[PDB]
Amino acid sequence: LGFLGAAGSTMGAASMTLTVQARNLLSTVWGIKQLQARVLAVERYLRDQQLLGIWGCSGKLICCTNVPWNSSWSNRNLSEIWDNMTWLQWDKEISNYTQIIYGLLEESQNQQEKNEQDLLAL
Amino acid sequence: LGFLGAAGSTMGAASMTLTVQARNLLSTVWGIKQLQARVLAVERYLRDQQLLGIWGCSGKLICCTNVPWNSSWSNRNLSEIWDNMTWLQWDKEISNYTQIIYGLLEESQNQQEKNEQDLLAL
Amino acid sequence: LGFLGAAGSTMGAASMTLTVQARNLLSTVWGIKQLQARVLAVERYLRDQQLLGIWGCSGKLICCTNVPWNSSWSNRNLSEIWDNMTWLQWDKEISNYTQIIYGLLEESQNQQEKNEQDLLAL
Amino acid sequence: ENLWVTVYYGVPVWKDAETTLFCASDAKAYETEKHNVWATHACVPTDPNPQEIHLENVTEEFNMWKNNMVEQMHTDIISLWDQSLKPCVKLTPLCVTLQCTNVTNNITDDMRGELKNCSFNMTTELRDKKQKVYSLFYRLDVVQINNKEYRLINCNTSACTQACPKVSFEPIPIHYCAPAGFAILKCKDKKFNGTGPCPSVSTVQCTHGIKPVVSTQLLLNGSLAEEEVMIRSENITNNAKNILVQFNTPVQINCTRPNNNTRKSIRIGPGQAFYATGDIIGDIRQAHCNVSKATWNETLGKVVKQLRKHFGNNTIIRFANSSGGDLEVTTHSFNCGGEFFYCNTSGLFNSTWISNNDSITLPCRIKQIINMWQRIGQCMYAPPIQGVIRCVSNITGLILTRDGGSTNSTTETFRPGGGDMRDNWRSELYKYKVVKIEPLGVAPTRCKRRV
Amino acid sequence: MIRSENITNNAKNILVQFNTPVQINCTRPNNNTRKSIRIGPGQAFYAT
Amino acid sequence: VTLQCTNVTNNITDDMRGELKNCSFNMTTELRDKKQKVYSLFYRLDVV
Ligand SMILES: *[C@@H]1O[C@H](CO)[C@@H](O[C@@H]2O[C@H](CO)[C@@H](O[C@@H]3O[C@H](CO[C@H]4O[C@H](CO)[C@@H](O)[C@H](O)[C@@H]4O)[C@@H](O)[C@H](O[C@H]4O[C@H](CO)[C@@H](O)[C@H](O)[C@@H]4O)[C@@H]3O)[C@H](O)[C@H]2NC(C)=O)[C@H](O)[C@H]1NC(C)=O
Ligand SMILES: *[C@@H]1O[C@H](CO)[C@@H](O[C@@H]2O[C@H](CO)[C@@H](O[C@@H]3O[C@H](CO[C@H]4O[C@H](CO)[C@@H](O)[C@H](O)[C@@H]4O)[C@@H](O)[C@H](O[C@H]4O[C@H](CO)[C@@H](O)[C@H](O)[C@@H]4O)[C@@H]3O)[C@H](O)[C@H]2NC(C)=O)[C@H](O)[C@H]1NC(C)=O
Ligand SMILES: *[C@@H]1O[C@H](CO)[C@@H](O[C@@H]2O[C@H](CO)[C@@H](O[C@@H]3O[C@H](CO)[C@@H](O)[C@H](O)[C@@H]3O)[C@H](O)[C@H]2NC(C)=O)[C@H](O)[C@H]1NC(C)=O
Ligand SMILES: *[C@@H]1O[C@H](CO)[C@@H](O[C@@H]2O[C@H](CO)[C@@H](O[C@@H]3O[C@H](CO)[C@@H](O)[C@H](O)[C@@H]3O)[C@H](O)[C@H]2NC(C)=O)[C@H](O)[C@H]1NC(C)=O
Ligand SMILES: *[C@@H]1O[C@H](CO)[C@@H](O[C@@H]2O[C@H](CO)[C@@H](O[C@@H]3O[C@H](CO)[C@@H](O)[C@H](O)[C@@H]3O)[C@H](O)[C@H]2NC(C)=O)[C@H](O)[C@H]1NC(C)=O
Ligand SMILES: *[C@@H]1O[C@H](CO)[C@@H](O[C@@H]2O[C@H](CO)[C@@H](O[C@@H]3O[C@H](CO)[C@@H](O)[C@H](O)[C@@H]3O)[C@H](O)[C@H]2NC(C)=O)[C@H](O)[C@H]1NC(C)=O
Ligand SMILES: *[C@@H]1O[C@H](CO)[C@@H](O[C@@H]2O[C@H](CO)[C@@H](O[C@@H]3O[C@H](CO)[C@@H](O)[C@H](O)[C@@H]3O)[C@H](O)[C@H]2NC(C)=O)[C@H](O)[C@H]1NC(C)=O
Ligand SMILES: *[C@@H]1O[C@H](CO)[C@@H](O[C@@H]2O[C@H](CO)[C@@H](O)[C@H](O)[C@H]2NC(C)=O)[C@H](O)[C@H]1NC(C)=O
Ligand SMILES: *[C@@H]1O[C@H](CO)[C@@H](O[C@@H]2O[C@H](CO)[C@@H](O)[C@H](O)[C@H]2NC(C)=O)[C@H](O)[C@H]1NC(C)=O
Ligand SMILES: *[C@@H]1O[C@H](CO)[C@@H](O[C@@H]2O[C@H](CO)[C@@H](O)[C@H](O)[C@H]2NC(C)=O)[C@H](O)[C@H]1NC(C)=O
Ligand SMILES: *[C@@H]1O[C@H](CO)[C@@H](O[C@@H]2O[C@H](CO)[C@@H](O)[C@H](O)[C@H]2NC(C)=O)[C@H](O)[C@H]1NC(C)=O
Ligand SMILES: *[C@@H]1O[C@H](CO)[C@@H](O[C@@H]2O[C@H](CO)[C@@H](O)[C@H](O)[C@H]2NC(C)=O)[C@H](O)[C@H]1NC(C)=O
Ligand SMILES: *[C@@H]1O[C@H](CO)[C@@H](O)[C@H](O)[C@H]1NC(C)=O
Ligand SMILES: *[C@@H]1O[C@H](CO)[C@@H](O)[C@H](O)[C@H]1NC(C)=O
Ligand SMILES: *[C@@H]1O[C@H](CO)[C@@H](O)[C@H](O)[C@H]1NC(C)=O
Ligand SMILES: *[C@@H]1O[C@H](CO)[C@@H](O)[C@H](O)[C@H]1NC(C)=O
Ligand SMILES: *[C@@H]1O[C@H](CO)[C@@H](O)[C@H](O)[C@H]1NC(C)=O
Ligand SMILES: *[C@@H]1O[C@H](CO)[C@@H](O)[C@H](O)[C@H]1NC(C)=O
Ligand SMILES: *[C@@H]1O[C@H](CO)[C@@H](O)[C@H](O)[C@H]1NC(C)=O
Ligand SMILES: *[C@@H]1O[C@H](CO)[C@@H](O)[C@H](O)[C@H]1NC(C)=O
Ligand SMILES: *[C@@H]1O[C@H](CO)[C@@H](O)[C@H](O)[C@H]1NC(C)=O
Ligand SMILES: *[C@@H]1O[C@H](CO)[C@@H](O)[C@H](O)[C@H]1NC(C)=O
Ligand SMILES: *[C@@H]1O[C@H](CO)[C@@H](O)[C@H](O)[C@H]1NC(C)=O
Ligand SMILES: *[C@@H]1O[C@H](CO)[C@@H](O)[C@H](O)[C@H]1NC(C)=O
Ligand SMILES: *[C@@H]1O[C@H](CO)[C@@H](O)[C@H](O)[C@H]1NC(C)=O
């Protein structure tokens, strides 16, 4: 396995290794083109970390969260969504389910943030 | 509330939400101007993380620390500094108190760093 | 002590303070030269964090790991490698031992990653 | 029984995005010390052994007509082309009235009105002094004005320089690589008609060498097919768009310049030098090209049957040769050692096909000033080349255009097109599609975050 | 309102903007034709 | 180029008497050896 060497494989096996998919993520007319691409590439990498940073995890890259999960979003059993369906198909199924899952994570984590500070005093 | 939608409000309510203030923080003559601004903007964002990274916290954005706190710096009761005073007024009051609070955090965290490694052996 | 103020000193004392070595790490013809250097400098800083991020630590900068350690690599007692030998000499001794120590850390951490998620369910 | 939601980072998923690429040069190219066009000085060196790997259990859609890679590449070539002519001589003061006549040195009648001998008043390195020099000019480079007076066609239009004398126009194969966070998906399916599912898809960091050949029709030094020659088209039924077809077997080409030419150095100004053709040494002949009859007919006979599938089994196919296009879309344009050839093509598309050794030689003409990437506002002058040129190359593809919608006639005629540079590179980047990787991922999982 | 830096000092200008917009008419009743003159190869100059 | 220039009077209003001038000059053509002259109208403030 290498760079995206299991993208089309079952998501169960794909989740086994993730660093391989994250290694090759950061690494005079033409000078402008080279500089422009480099800045754009690094900018995207920092954006993802900022999105993950505000949550209850920094670099664990497996971020268990206690937020609820609506049943209507998936309406399917756990068994079928971890053995055969590939990741590419899953993304298309949640195309409309964007900008709303993130909101739940942020509001819950921030709400629990104060609850994780008051207890320290007593 | 939106981008800096509670900057002038009481600091007690301002501390309730912080991600909103942190969202809009990262996102051929004119080409040079655009590139220069982008590099400068991203550079500042990394500087803050580096300052926070060396402490005992990475992205929790509420970093409880065990360092002492001199009474003369504030010389005021806790009640009055959490209900009415706004954040802008607080910053002006600690204008002289800069480059010295950070030093306390770094020295204490590093000192406790070794103390948090020796115990692992035994 | 200042910027690399103890590089040649004993590694035992050098490990006492590390933030000082990490502070000065990030901070129209000439415009191209200035921009090129800045992008290159920041790019290296992010690369190190990405290498450290995938492991079981984000910014602790003392990353204890449970991976094994082959005796043949060092073949020396612990006492002599913590009192007199400087860091510069140590690096030359592990010149060939590169790209293989990192592999052990990644594979072990990822393997323990799933083991640290299954137990949560039960 | 309850399940909550977690997130996954680094999950492999791709989308569509717009982005630019950069150079990748091989070690062999780096060996050359000449800073010519497409040089390695401004192009980063490549890395050997690309990590090309296969992908399984995945289906990807591909498009070659809407691909953005060709569009940006077209702008890239012209951008670098202008930079090559900047730092050397300017040819603004060449416009001078010419009292010019013919020339006859045992010249073949087949090239009667093509060469002219005459002189003009040109400024020397100084200013007060004046001197005159003579040179030979081609027929297409001189117009008629009004007992006899001639002038260049470059004078009543924009003015341009000459090809810089310290660079070479020989094509160099370069590799295109996307920046970090973007990959390239390559389609290796044997059957690939441009648009459709591509079950056999493989990713690669960088692509193989692509030669930016200069040609309007009958592109040279292209990527050869493997088997079952295919036809590339967007709508087929609509004749407005061209048809791109590449065949399997390579058919060689011979194109020589039997005329011997000498270069004369003329001092225009201080530090400015202009090269002009001198006297001809030896006999006077005409440039031509040869193609093997057996190879050419066999290729046509092998491709004609293939095209019948789209239209019909009982379809009569005839080939035409086009007509006047101001020497822009009516010739086979190619370059050999810095010399541009615009030559005849009627000797190839002249056959008809029913439902059920010797070589072909064609005369033609050569002109110096050209308009490649037409760019009304600029042009370029072709310097003379010493000795003779004998270039050998391959033909890998053809460009065909359908006729009008007359009626339902079995007699269907295909005619060569050309003139569009975007179509030239579409035959080399039809297997590629840039992607945008999104590490973020969401999926339900039975886990709880302790407090 | 009236915009000024020191008022008392006359060296600096005074910026004043009023509320109601007052329209302006400015026409060119003379009819002019352009003539294309060839200066050089690719260079054109327009003259009245 | 030097201008041997004079006034112009085509039922011109006295309020714009000395404002328009008609004249020509020697200007280079698209070629170099050949020469030709053209005429145009210039404003008062553009001529010294
Ligand atoms: C690309 O190549 C094609 C090849 O077909 C060119 O088309 C030919 O061009 C030539 C040159 O102009 C044409 O030749 C002329 O055709 C006329 C008739 O010639 C034919 O018929 C006569 C009998 O009537 C035969 O004797 C002869 O062999 C041909 O079969 C005449 O107008 C011309 O006669 C010339 O020669 C005599 C001397 O013999 C002179 O007295 C005449 O004044 C005159 O100069 C001449 O033969 C030819 O017809 C074209 N077609 C074909 C099918 O060959 C394209 O022009 C070329 N395109 C470009 C852009 O280069
Ligand atoms: C399509 O692909 C074909 C096949 O590869 C290409 O044809 C080859 O073209 C190259 C490039 O022109 C040929 O390689 C070399 O070309 C040079 C010819 O021009 C030289 O001449 C002047 C003379 O002063 C030099 O100043 C100028 O810089 C050029 O260098 C020569 O360099 C070479 O010949 C000399 O060196 C070789 C060794 O390299 C000796 O063997 C020769 O005797 C001689 O001393 C050489 O020819 C190559 O030969 C062509 N044919 C091949 C490879 O079969 C097409 O160019 C390419 N493009 C198109 C549009 O079809
Ligand atoms: C490459 O080949 C594929 C497979 O033959 C072509 O797809 C087919 O395209 C034709 C012509 O447009 C489609 O015909 C019509 O399509 C729709 C329904 O999709 C409808 O009008 C008719 O019922 C009829 O089928 C055909 O559906 C379509 N087939 C598939 C499986 O997509 C494709 O167009 C070819 N591409 C090129 C560039 O030639
Ligand atoms: C490929 O080319 C064909 C042929 O041009 C395209 O089909 C054509 O589509 C046009 C536009 O809709 C049709 O024009 C109209 O058709 C009818 C019959 O005349 C009527 O509405 C109007 O008078 C007008 O002419 C045209 O008929 C139709 N021709 C056909 C089907 O033979 C087709 O859309 C093109 N496909 C692509 C993918 O571009
Ligand atoms: C362009 O002209 C060249 C030069 O004549 C042609 O290629 C040459 O073809 C001859 C004849 O086949 C080759 O020599 C002989 O070939 C065979 C090999 O089995 C055999 O008769 C002899 O042993 C001898 O080698 C010659 O090597 C070859 N030269 C080159 C440079 O390829 C060519 O076919 C003509 N047409 C094109 C390129 O379209
Ligand atoms: C706005 O403009 C006023 C008027 O110029 C400025 O006050 C003026 O300040 C100058 C510089 O200090 C005074 O000059 C000196 O004043 C006295 C009386 O003559 C004496 O020390 C010297 O002989 C010299 O003249 C000037 O008198 C004074 N004028 C007044 C007060 O009427 C004022 O500073 C300006 N404000 C700002 C914000 O720029
Ligand atoms: C500049 O000249 C124009 C054109 O005369 C002046 O504006 C024009 O004013 C007339 C007279 O008011 C407008 O027509 C009439 O206006 C009133 C509307 O209540 C009424 O008498 C009639 O029903 C008729 O519409 C005309 O529309 C208007 N034109 C424009 C383009 O605004 C203008 O006042 C002059 N002065 C400036 C602009 O300072
Ligand atoms: C140069 O050769 C030409 C071609 O033989 C002579 O006359 C040409 O005749 C054709 C007939 O169609 C005319 O259209 C051309 O304009 C002529 N060419 C010219 C004027 O250059 C011509 O007389 C010969 N010129 C000289 C000076 O001998
Ligand atoms: C082009 O014409 C020029 C003259 O206009 C020819 O130059 C002559 O060359 C001969 C032979 O060497 C000399 O005797 C003459 O003195 C030259 N004349 C001048 C004016 O210098 C030239 O040879 C012609 N070129 C061709 C290819 O015919
Ligand atoms: C292209 O074909 C032409 C036409 O056959 C060749 O020209 C002949 O070349 C031979 C070489 O020995 C001469 O003897 C003949 O007189 C030429 N004329 C004819 C009509 O055959 C030409 O050499 C070929 N070019 C190449 C590069 O192979
Ligand atoms: C050839 O194409 C023509 C034009 O489309 C067809 O002509 C039509 O024929 C049908 C037959 O039912 C008539 O109803 C239409 O009025 C005709 N339309 C015209 C002339 O515009 C013709 O049918 C086609 N031939 C075949 C064999 O398909
Ligand atoms: C052009 O008109 C002017 C104005 O009537 C004539 O004389 C001008 O008189 C004023 C008086 O102050 C002088 O200052 C100007 O220099 C004069 N203008 C010139 C010389 O252009 C003038 O005579 C008229 N010119 C012609 C050629 O008729
Ligand atoms: C879950 O989705 C359903 C259907 O849209 C909606 O009615 C319900 O309010 C959602 N539940 C929560 C807790 O958001
Ligand atoms: C998203 O929802 C829209 C309607 O809001 C629908 O048209 C579209 O098909 C949906 N997308 C997917 C991928 O299901
Ligand atoms: C606290 O501040 C006072 C007043 O400046 C100073 O004397 C004292 O040493 C400080 N205490 C500590 C622990 O730094
Ligand atoms: C900071 O201290 C200086 C004297 O060292 C004093 O002048 C200044 O007003 C102080 N700033 C604030 C904001 O109190
Ligand atoms: C340790 O190194 C030795 C010597 O190279 C090698 O034989 C052995 O397999 C290594 N052990 C492990 C666990 O990798
Ligand atoms: C690394 O190993 C090579 C042989 O593989 C040897 O030549 C070289 O000296 C070694 N380097 C060090 C620093 O020991
Ligand atoms: C043919 O013309 C050429 C032109 O260069 C000349 O050198 C040669 O001597 C001529 N041949 C004859 C036989 O006149
Ligand atoms: C210019 O060239 C002509 C011939 O075209 C010649 O007669 C004349 O002497 C040359 N010199 C000048 C100054 O025109
Ligand atoms: C062209 O002329 C030059 C003159 O030096 C000669 O060396 C060369 O062989 C000639 N070329 C041909 C193809 O006859
Ligand atoms: C090409 O070959 C076919 C048979 O395959 C024959 O009918 C045809 O006449 C040939 N064409 C030429 C131009 O020789
Ligand atoms: C043509 O194709 C052949 C295929 O073997 C290749 O070897 C050759 O380099 C290509 N070019 C020429 C000029 O033959
Ligand atoms: C100016 O002259 C042109 C000449 O074509 C004429 O069409 C136009 O109406 C004239 N303009 C005025 C305002 O009289
Ligand atoms: C230049 O213009 C003048 C008038 O200003 C005219 O008499 C003359 O003939 C023109 N030509 C030259 C060469 O001066």
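Residues numbered from 1 in each chain as written, not as in the entry; some residues may be left out. Chains lettered and ligands numbered in written order. Part of a larger assembly, values for the part shown. Heavy atoms only, no water.

- Judging from the entry metadata, cryo-EM is the method by which this structure was determined, and 4.27 Å is the reported resolution.

### A short note on the packing of aromatic side chains
Then comes step 1: By the definition in use, this model includes 23 aromatic pairs over all chains.
Then comes step 2: Between the aromatic rings of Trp 73 of chain A and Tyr 97 of chain A, the centroid separation amounts to 6.2 Å while the plane-to-plane angle is 55°, which identifies the pairing as tilted. Of this pair, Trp 73 of chain A sits in helix α4 (residues 71-74) while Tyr 97 of chain A sits in the loop between α5 (87-93) and α6 (101-121), and the two are 24 residues apart along the sequence.
Then comes step 3: Relative to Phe 414 of chain D, the ring of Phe 319 of chain D has its centre 6.4 Å away and its plane inclined at 80°; by these criteria the two rings are edge-to-face. The residues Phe 319 of chain D and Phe 414 of chain D share a single accessibility class, namely buried.
Then comes step 4: An aromatic cluster of three or more residues is present, and its members are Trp 296, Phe 311, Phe 319, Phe 349 and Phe 414 of chain D.
Then comes step 5: Sitting above the plane of the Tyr 430 of chain D ring, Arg 232 of chain D keeps its charged end 4.4 Å from the centroid.
Then comes step 6: Stacked on the ring of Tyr 134 of chain D, the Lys or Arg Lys 264 of chain D has its end atom at 3.6 Å from the ring centre. (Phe/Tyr/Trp six-rings, centres within 6.5 Å; stacked < 30°, edge-to-face > 60°. Helix = DSSP H or I, 4+ residues; strand = E, 2+ residues; numbered from the N terminus. Buried < 20%, exposed > 50% of the residue type's maximum accessible area, 1.4 Å probe, protein only. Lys NZ or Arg CZ within 6 Å of the ring centre and 35° of its normal.)

### Observations concerning helix α6 (residues 101-121) of chain B
Then comes step 1: Buried residues of α6 of chain B: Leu 105, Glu 106, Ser 108, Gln 109, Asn 110 and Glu 113 of chain B, and no others.
Then comes step 2: Next to the buried residues of α6 of chain B lie α2 (19-23) of chain C. (Contact = heavy atoms within 4.5 Å.)

### Considerations on the site of ligand 7
Residues and elements named next belong to chain E.
Then comes step 1: All residues adjacent to ligand 7 are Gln 23, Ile 24 and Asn 25.
Then comes step 2: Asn 25 has a polar side-chain atom sitting 2.4 Å from an oxygen atom of ligand 7.
Then comes step 3: Taking 740 Å² as the accessible area of ligand 7 by itself, protein coverage stands at 15%. (Near = heavy atom within 4 Å. Polar contact = N/O pair within 3.5 Å; in protein donor to acceptor, adjacent residues only side chain to side chain. Areas by Shrake-Rupley, 256 points an atom, 1.4 Å probe, with all protein chains shown as cover.)

### Notes on the pairing of strand β4 (residues 43-47) of chain E
Residues and elements named next belong to chain E.
Then comes step 1: Bridge count between strand β3 (residues 35-40) and β4: five bridges; the pairing is antiparallel. Within the sheet, the bridge partner assigned to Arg 38 lies in β4 and is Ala 44.
Then comes step 2: Here β3 folds back onto β4 in antiparallel fashion, the turn holding two residues, of which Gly 42 has a positive phi close to 90°. (Pairing = 2+ DSSP bridges.)

### A word on the sheet that holds strand β25 (residues 432-434) of chain D
Residue and element names in this part refer to chain D.
Then comes step 1: Strand order in the open sheet made by the four strands is β3-β12-β10-β25, with antiparallel pairing throughout. Each end of this open sheet is capped by a strand with a single partner; those strands are β3 (53-54) and β25.
Then comes step 2: Strand direction decides the pairing type here: strand β10 (residues 184-187) and β25, joined by three bridges, are antiparallel. Within the sheet, the bridge partner assigned to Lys 186 lies in β25 and is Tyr 432.

### Observations concerning the sheet that holds strand β2 (residues 20-28) of chain F
Residue and element names in this part refer to chain F.
Then comes step 1: The strand order across the open sheet built from three strands is β1-β2-β3, with neighbouring strands paired in antiparallel fashion. Each edge of the sheet is formed by a strand with only one pairing partner; in this case those strands are β1 (6-7) and β3 (35-43).
Then comes step 2: Pairing between β1 and β2: two bridges, direction antiparallel. Bridge assignment links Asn 7 to a residue of β2, and that residue is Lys 21.

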